[PDB]
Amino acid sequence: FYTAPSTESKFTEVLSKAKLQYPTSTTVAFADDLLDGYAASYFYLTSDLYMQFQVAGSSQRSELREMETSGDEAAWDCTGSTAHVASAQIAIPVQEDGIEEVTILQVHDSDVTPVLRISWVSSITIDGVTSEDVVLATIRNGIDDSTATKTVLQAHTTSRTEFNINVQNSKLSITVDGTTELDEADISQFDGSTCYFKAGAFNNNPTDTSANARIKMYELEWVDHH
């Protein structure tokens, strides 16, 4: 009985440029499936026109993965001269008890490393400073370095928030409601990698593997320029 996100033309283009993964990395719905009215408990359109992702379990996901309209997977040069831009209007609800971190946007390499995760976190400690209930940027220091650089972007609000990721020429910037919160972070450690965007709900390290992470997107698009 779930309404499909494809019924809203504001999502037609990104869905044509996406495939849906759930509850792990396996695709459950390709672009043509998504455009043909795909809907389920973990991926549906709310009555007020949010595309809502929901998932439970450790490291489980309901996530769109960037695709080309050709059906090729997106695999752009992570540090190339072409600008790649993802924009999303996201409402992060108060998360259920036991939900501790939810990744909502990513730049992922074509193998096994997230270049960037934007995530909500219950708590984070960065160089001795503890922040509670914030939205975080995490940039991995390398493919062979499991550590990452972390930057608080925003105090969590239930309000619809505009996020923009701009990647170009080995730098990455993030704006939140129009304000730069990460200014040209270096990602040269992904020279020679290819990359793609992801958006949705990716549940990291829950303390209740039964609780549902839930994320709502009012707008979502990804583009490039030359």
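Sequential numbering from 1, following the sequence displayed.
Student: Would you tell me which stretch averages the higher CA B-factor in the PDB entry, 156-164 or 193-201?
Tutor: It is 156-164 that shows the higher mean C-alpha B-factor.
Student: May I ask you to compare 128-136 and 73-81 by their mean CA B factor in the entry and name the higher one?
Tutor: Averaging CA B-factors over each stretch, the winner is 128-136.
Student: Going by the recorded CA B-factors, say which third of the chain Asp224 sits in, lowest, middle or highest.
Tutor: Tercile = highest for this residue's CA B-factor.
Student: Based on the entry's values, in what third of the chain does the Cα temperature factor of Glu66 lie: lowest, middle or highest?
Tutor: According to the entry, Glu66 has a C-alpha B-factor in the chain's lowest third.
Student: Which third of the chain holds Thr12 when residues are ordered by C-alpha B factor: lowest, middle or highest?
Tutor: CA B-factor rank for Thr12: lowest third.
Student: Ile99: which third of its chain by C-alpha temperature factor?
Tutor: Top third by C-alpha B-factor.
Student: Lowest, middle or highest third of the chain for the C-alpha temperature factor of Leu49?
Tutor: It belongs to the middle third of the chain when residues are ordered by C-alpha B-factor.
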